[PDB]
Each structure stands twice: as C-alpha cells, then as structure tokens.
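Trainee: Sharing a structure, written as structure tokens. Questions coming.
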Amino acid sequence: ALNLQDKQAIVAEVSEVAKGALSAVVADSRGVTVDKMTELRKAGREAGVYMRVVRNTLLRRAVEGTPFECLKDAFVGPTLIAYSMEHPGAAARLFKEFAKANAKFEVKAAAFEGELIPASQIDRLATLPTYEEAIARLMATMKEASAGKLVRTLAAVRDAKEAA
Amino acid sequence: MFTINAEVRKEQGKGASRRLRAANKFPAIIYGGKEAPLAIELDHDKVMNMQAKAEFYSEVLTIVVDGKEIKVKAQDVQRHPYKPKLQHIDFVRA
Amino acid sequence: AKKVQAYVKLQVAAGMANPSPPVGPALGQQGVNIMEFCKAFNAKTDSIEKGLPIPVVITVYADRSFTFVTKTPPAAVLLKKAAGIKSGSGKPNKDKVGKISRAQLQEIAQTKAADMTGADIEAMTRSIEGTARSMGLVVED
Amino acid sequence: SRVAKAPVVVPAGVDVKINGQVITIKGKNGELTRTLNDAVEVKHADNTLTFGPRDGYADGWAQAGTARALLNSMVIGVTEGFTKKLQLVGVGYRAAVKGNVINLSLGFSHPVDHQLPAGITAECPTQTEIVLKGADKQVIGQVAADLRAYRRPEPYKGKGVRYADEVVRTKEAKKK
Amino acid sequence: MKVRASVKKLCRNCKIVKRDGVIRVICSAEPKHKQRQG
RNA sequence: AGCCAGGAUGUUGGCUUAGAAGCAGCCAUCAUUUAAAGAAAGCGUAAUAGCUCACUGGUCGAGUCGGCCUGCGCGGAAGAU
C-alpha cells in the first residue's frame, strides 16, 4: 500500500519527474554503484540534471493512470530515471550524456517534454545547441543559405572540370 | 482517551470472583461524590492493553454500562502474582 | 594483466617516508621499496605541506613497476592544523579541545569539495563539523 | 504455503498419465518412470499436472508439496537428467570410467569396485574428470555420493573427489 | 558431536533442526557446533 | 520466504597501536550524499582489502510477520535374577 502518506512521497514525485520534466531518460538499472553515485550524480548538478531509482509496483499504477505517448511501456520493471527541468539546449542532451558516462545498453527509452522519442530519432535532438551555440548556428545557417550553397556549387563545378 | 463497554455484576463472593476470571472477564467498581457505588464486569485482554497506557490514569475515559455512557477516571488496580493480568480495577466519576 | 594489486590505499608524508611497517601492507607485499616510492612521490607531490600524511591509492604491475594517485589530506588533519591543537580529545563529546572558526571550517570544506559527493558547500561545511564532533574539536561562529 | 496447490508444467516431447494415487511419465533421457503416492489426489490437463492431499493427509498440504516437487524433477528426468559432472584433485588417486565401472587408484590392496547401475551413463576426458547422465536425480546423486564415501575432500589440503563443486575451505595444524 | 543442552546457536551458520524427532544443532562453517540436546 | 542486482561519501573520524585496520581496544555514533548504507551485527583478507548482515531495487503472485495469554507433545530420563 504505497498511497499511505509515509510511502506517498515518491508516488507524488512521478507527476513532476516523468510527465512534468523538460527531458527524461529511463533505464533498467536495479542499482547505481559507487562510480555513478560519486561522479555521474555530481556531474548532473552542473548540467541541470538529476536521477533516482524507482519501484515497478508504483509505476504499474502511476504511468498507466498518467497519459503518455508510448513512453509508459519503458517504466515496466526496475527503473533508473534521469531528468532535467530547464534550458532545452542542455536538457535534451541527457540521452547522449547517459550513453557517454554510463552503460548505453541499459537505456529502455528517452523522452522530451515528457513524451517518447525513439533511439533512432532522438540523435539530432540529443545533439541540440545551447543558447550561445544556437545564435552562432543561426548566423552559420544564414551564411550557408546565402553564400555556402554558391561556394559549394563553385567547388563542385571546379571538381567536375578536373574529371575526364 | 478511551471508550469501553461493561455489564453490571451478576454474582459476588470468594468463588464468583474466580468464576468471572475463568469466563475471561474481571470485576471493577465506579464511585464518586455522594452518588452510590456501582459494581461491573468487563473483558480482560482489550482493557489490559488500554490500562498499560499512561493515558488510562493521566486523563479521563468513558464507560458504557446498561447501554448508557458515563465519564470516569481510573483510581487503582489489582494484579495476579505470577503475571500482571488484571484481577480488579477501581474508577471514580469525572 | 596487472597480476599484483590495484588502487590500494596508503597515507604517507612527502619526502619524509623512512619507516617501513606503516607502508609494508601496500608496498612491501608488492616488492616496492619505500625509498623508490618516495623519490617518485616527493617529486610529483612537492607542492603540499610535507609534514601532513597525504591519502594516496597505489597500483603495482607484473614487471614490479608501479603508479599512484593522491587525494587531499584528511578533514580531521586539516581541522587539527587549523585549530592549533597537538591532538583531538580522544574521548569526544564528553571531553573537547581547541577551537575553530566557521570561516576556517568552510576553507576545509572547499579543500574537500573536489573529493566529496556533496551538492552544496554549506552542506559540506556541516560534513566537516561532523568530523570536528568525532575528534572533540570546539566549533564556533 | 502456496506452491503445494500449484500446477507442474509438462515440457515439449514429454507425456504424462495418472492412475488414482500413481503418476506415470515418459519422454527422452530417462524415457519412462512411475511413482506411487497414497497421500495425494492427482489431476492433469494437456500441458499441466496438479496435486492436493487426500483425507487424513490434509495438514498443511505437505504431501501435495512433496508430490509437486517430485514430479517437477521427473519432467527433467525424462528430458535431460541430473548430476552432470564429477572430478578429483590430489596425489594420483584418479577418477575415470571403464564400461559401467569407475577406474581409480586404490591405496587399499583390494579393489573398491564403485560402479554405475542401469539408467546412468558416464565418460571421462582425463584420469581426473568424468561427465555423467542419468534418468532420475536420486539414483545418480546416491552413487555419486557413494564414490565420495571415503574419498571426500580432506580438512587440511582438500584432496579427494568433488561433485564439480566443494564446501571444504580447509584449516591448518596445531598452535601457531 | 556434543550433548550439553538448549541447542545453542553458537554462530549465524547454526541452522537448528529437528532430526529423528529430537531438536539438534547443525553447522557447515563450524562442525564443532554439531549438538544433539535441547 | 527463496532467488537475482546495488549495498555511498567526508574517512584507514579521534585517541591509541607491535601496527591496528568499520571488525586489537577505548571514545565520539556526526553531517552530507542517498533508491540506499551501524563512523558496522557477523564472516574475512598479512592488511589496506574483500563478503554477508543492516539498508535499497528486481523477480513472482497470496496471504503473511513477531510478540502476548493459554492447552498438549519431545528430549532432558544411567544399575545390577
């Protein structure tokens, strides 16, 4: 009986950390070990990221009652959840940051605005620029569209005149 | 604190007191002011678990007798010599 | 293969490592001489106060070569140095020694901030106060 | 207890039949076995067999728990068998096979003649290791135990027969 | 094997068992704790 | 209940100690991290270690845990025609 106020503290949190999060990552890990307890948890504090272990029996009532676009099947069994609440350009990277600092094969699913993004589709989203990178990518995108296409075309017609 | 339910004493004297305890009940009394004393009988194990609390003596409780509820405070207790089981208890009206 | 032990704990003073019983469980069982360790250790760990016992992890290989990595000195040794005491009380809470300021306790917390799991420097400052209790050191604002 | 009233699942290529107080079972490896148990009533449907106690045996479903556990080991007996490997370590005492008889060094002047009954088959890649197959867990476990009756691992160097595993970590001689 | 009494749980590995209808001590870590008397 | 996976950090706290460790002894028994961990109940390594327990998660699918009041059993219970 997890709905009892003494046990309800983790029951009420799923509404914020799984549905209410800006980014989330879900993994089948039964416990975190000293290495991730010491470094990966502490590295997340500077990234706007946090993470926790969650029980299956809770999730059978919580992710089935909460509306989710395909994401709730990844909350069956044990769960390590990792998540972020702010700065989209840093928050969306959590799937790659997990795959770099931890065993990438333990991830069940990854999510943005609390909804599932497949591991084959999240690649660009988990590579997204931060605010100071995005204004440089905008200047670069304006350059690529205006001059880049034409200098790439000049180099291509040059290379086509080397060939025989 | 508590609320408990009891009957009026059916039979009194040296054998009837032990016959009541063989029936898994024990005797008690209620007195106070200028009103007459009332003798009662009640069950052991549920009242023993309440009587073990400080709240049975540090504050008032209610008792039901003959289908009517009255307010009381505990005064005294008697026990068996080998184990602390309630032999008899005294109440005063509150 | 490494064949011998890896990342075994030791604590030792840089350029002052003469006695052999306090290093034998880490170095002597793995065939490493305390002088041969110290001529490496005191050159790669020259910047610290040599009089303090530095916590280090050591590793030895199948060819009797070795490597080592340091931690910052113990919070109780930093507290002893900051309070100016000869020793902790040895009967803590019931008996107490010295004094340290909260401004110095935060500098010990900053000295351990690279070597603890903590999320905030005031919270880690209460962790150093928890060590000050265990050595019987008086702490005041 | 909860399992004493639960079904035993019947594997692929296994066949089971019931006859009041008797279980009959067939397949591969052990190919055919049978047991009597008066203490239980038996039920069967396609891929499952179930037990429950008879009158005077009803206490804690204990004999139905025993019957569940027994037939759960018999389905493996008619599928692949038990006690798959046995070895020996020491100063030349040996563990090998010739026909159905164990080949070994004696220490004694006359042969100890440990041998395997019908329904058990064994082969050896070395004079220190034997691989074994059998129709049922008790009959192979009992003769594997008889081969270690006097040849069990000793308390100071651990030399002797091992069932591919051991419990003797050893100790040392008097007073240092 | 020892007699004594009270089937003493001399270590965590002392299981305490009923064998031949009598209470006994059995232990794999310390065979010295084999005892036949409650 | 079993089985399977995790079983933190300041920090080998202080004092002593051959030297000494969570675990040779005495004293503190705190704070942070944390799903979570006694400045460690028990095992255990030359010893720092390492492994269980404590503490957390899974697996699985109905009952289950310890004490209290109270009746009955067992062994404890060796002797001479």
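Every chain in the structure tokens has a letter given in the order shown (A, B, ...), and although residue numbers restart at 1 in each chain, ligands are simply numbered from 1 in the order shown.
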Using only C-alpha atoms (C1' of nucleotides), which residues sit within 9 Å of range 127-140 of chain D once same-chain residues fewer than 4 positions away are excluded, as a ChimeraX atom specification?

Mentor: /D:29-33,73-74,76-89,92-97,103-104,116-123,144-145,161,164

Trainee: Determine which residues of chain E sit within 10 Å of chain F, taking into account only C-alpha atoms (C1' of nucleotides), and present them as a ChimeraX atom specification.

Mentor: /E:4-6,11-13,21-23,29,36-38

Trainee: With a distance threshold of 9 Å and counting only C-alpha atoms, extract the residues of chain C near chain A and express them as a short mmCIF file (atom, residue, chain, number, x, y, z; two decimals) with N, CA, C and O atoms, in the first residue's frame.

Mentor:
data_model
loop_
_atom_site.label_atom_id
_atom_site.label_comp_id
_atom_site.auth_asym_id
_atom_site.auth_seq_id
_atom_site.Cartn_x
_atom_site.Cartn_y
_atom_site.Cartn_z
N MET C 116 34.47 14.92 -2.24
CA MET C 116 33.22 14.50 -1.58
C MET C 116 32.03 14.52 -2.55
O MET C 116 32.03 15.27 -3.53
N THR C 117 31.00 13.68 -2.33
CA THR C 117 29.80 13.58 -3.20
C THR C 117 28.80 14.75 -3.10
O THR C 117 27.77 14.73 -3.78
N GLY C 118 29.07 15.75 -2.25
CA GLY C 118 28.13 16.80 -1.85
C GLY C 118 27.56 17.67 -2.99
O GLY C 118 28.12 17.74 -4.09
N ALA C 119 26.41 18.29 -2.72
CA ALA C 119 25.70 19.18 -3.65
C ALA C 119 25.81 20.68 -3.32
O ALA C 119 25.48 21.51 -4.17
#

Trainee: Set the distance at 8 Å and use only C-alpha atoms (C1' of nucleotides): which residues neighbour residue 14 in chain E once local chain neighbours fewer than 5 positions away are removed? I'd like the list as a VMD selection string.

Mentor: chain E and resid 9 25 to 28 33

Trainee: Range 58-157 of chain D: which residues are alpha helix (DSSP H) by DSSP, as a count of residues only?

Mentor: 26

Trainee: I'd like the contact shell of range 102-105 of chain C - 9 Å cut-off, only C-alpha atoms (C1' of nucleotides), skipping same-chain residues fewer than 5 positions apart - returned as a PDB file with C-alpha atoms, in the first residue's frame.

Mentor:
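Now in selection_21.pdb:
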ATOM      1  CA  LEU C  79      40.954  20.641  11.454  1.00  0.00           C
ATOM      2  CA  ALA C  82      43.568  24.969  11.722  1.00  0.00           C
ATOM      3  CA  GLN C 110      36.450  23.867  -0.012  1.00  0.00           C
ATOM      4  CA  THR C 125      30.744  22.529   5.805  1.00  0.00           C
ATOM      5  CA  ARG C 126      28.277  20.670   8.136  1.00  0.00           C
ATOM      6  CA  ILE C 128      33.379  18.869   8.276  1.00  0.00           C
ATOM      7  CA  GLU C 129      31.539  19.898  11.533  1.00  0.00           C
ATOM      8  CA  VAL C 139      33.376  24.925  16.594  1.00  0.00           C
ATOM      9  CA  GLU C 140      32.019  28.499  16.983  1.00  0.00           C
ATOM     10  CA  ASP C 141      30.704  31.328  14.678  1.00  0.00           C
TER      11      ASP C 141
END

Trainee: Could you produce a table of the residues of chain C lying within 7 Å of chain F, with the nearest pair of atoms per residue and their separation in Å rounded to one decimal, using only C-alpha atoms (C1' of nucleotides), ordered by chain and increasing residue number, as JSON lines?

Mentor:
{"residue": "C:8", "atom": "CA", "partner": "F:48", "partner_atom": "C1'", "distance": 6.2}
{"residue": "C:9", "atom": "CA", "partner": "F:48", "partner_atom": "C1'", "distance": 5.6}
{"residue": "C:25", "atom": "CA", "partner": "F:47", "partner_atom": "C1'", "distance": 5.3}
{"residue": "C:26", "atom": "CA", "partner": "F:48", "partner_atom": "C1'", "distance": 6.7}
{"residue": "C:76", "atom": "CA", "partner": "F:13", "partner_atom": "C1'", "distance": 7.0}
{"residue": "C:88", "atom": "CA", "partner": "F:14", "partner_atom": "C1'", "distance": 5.5}
{"residue": "C:89", "atom": "CA", "partner": "F:14", "partner_atom": "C1'", "distance": 6.7}
{"residue": "C:90", "atom": "CA", "partner": "F:15", "partner_atom": "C1'", "distance": 3.6}
{"residue": "C:91", "atom": "CA", "partner": "F:27", "partner_atom": "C1'", "distance": 4.3}
{"residue": "C:92", "atom": "CA", "partner": "F:28", "partner_atom": "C1'", "distance": 4.6}
{"residue": "C:93", "atom": "CA", "partner": "F:28", "partner_atom": "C1'", "distance": 6.1}
{"residue": "C:116", "atom": "CA", "partner": "F:9", "partner_atom": "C1'", "distance": 5.7}
{"residue": "C:117", "atom": "CA", "partner": "F:33", "partner_atom": "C1'", "distance": 5.6}
{"residue": "C:118", "atom": "CA", "partner": "F:33", "partner_atom": "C1'", "distance": 5.6}
{"residue": "C:123", "atom": "CA", "partner": "F:32", "partner_atom": "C1'", "distance": 6.0}
{"residue": "C:124", "atom": "CA", "partner": "F:32", "partner_atom": "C1'", "distance": 5.8}
{"residue": "C:126", "atom": "CA", "partner": "F:31", "partner_atom": "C1'", "distance": 5.2}
{"residue": "C:127", "atom": "CA", "partner": "F:31", "partner_atom": "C1'", "distance": 4.0}
{"residue": "C:128", "atom": "CA", "partner": "F:10", "partner_atom": "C1'", "distance": 6.8}
{"residue": "C:129", "atom": "CA", "partner": "F:31", "partner_atom": "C1'", "distance": 6.8}
{"residue": "C:130", "atom": "CA", "partner": "F:30", "partner_atom": "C1'", "distance": 4.0}
{"residue": "C:131", "atom": "CA", "partner": "F:13", "partner_atom": "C1'", "distance": 5.8}
{"residue": "C:133", "atom": "CA", "partner": "F:30", "partner_atom": "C1'", "distance": 6.3}
{"residue": "C:134", "atom": "CA", "partner": "F:28", "partner_atom": "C1'", "distance": 4.8}
{"residue": "C:135", "atom": "CA", "partner": "F:14", "partner_atom": "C1'", "distance": 4.1}

Trainee: Output as a ChimeraX atom specification all residues of chain E that backbone DSSP marks as strand (DSSP E).

Mentor: /E:17-19,22-24

Trainee: Compile a residue-level contact table for chain D against chain F at a cut-off of 12 Å, reporting for every qualifying residue the shortest atom pair and its distance in Å to one decimal, with only C-alpha atoms (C1' of nucleotides) counted, rows ordered by chain and ascending number, as a tab-separated table.

Mentor:
residue	atom	partner	partner_atom	distance
D:1	CA	F:63	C1'	8.9
D:2	CA	F:62	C1'	7.3
D:3	CA	F:62	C1'	10.5
D:6	CA	F:61	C1'	11.5

Trainee: Leaving out residue 60 in chain C and any residue of its chain fewer than 2 positions from it, which residues lie within 9 Å of it when counting only C-alpha atoms (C1' of nucleotides), given as a VMD selection string?

Mentor: chain C and resid 2 to 7 27 30 to 32 58 62 to 68
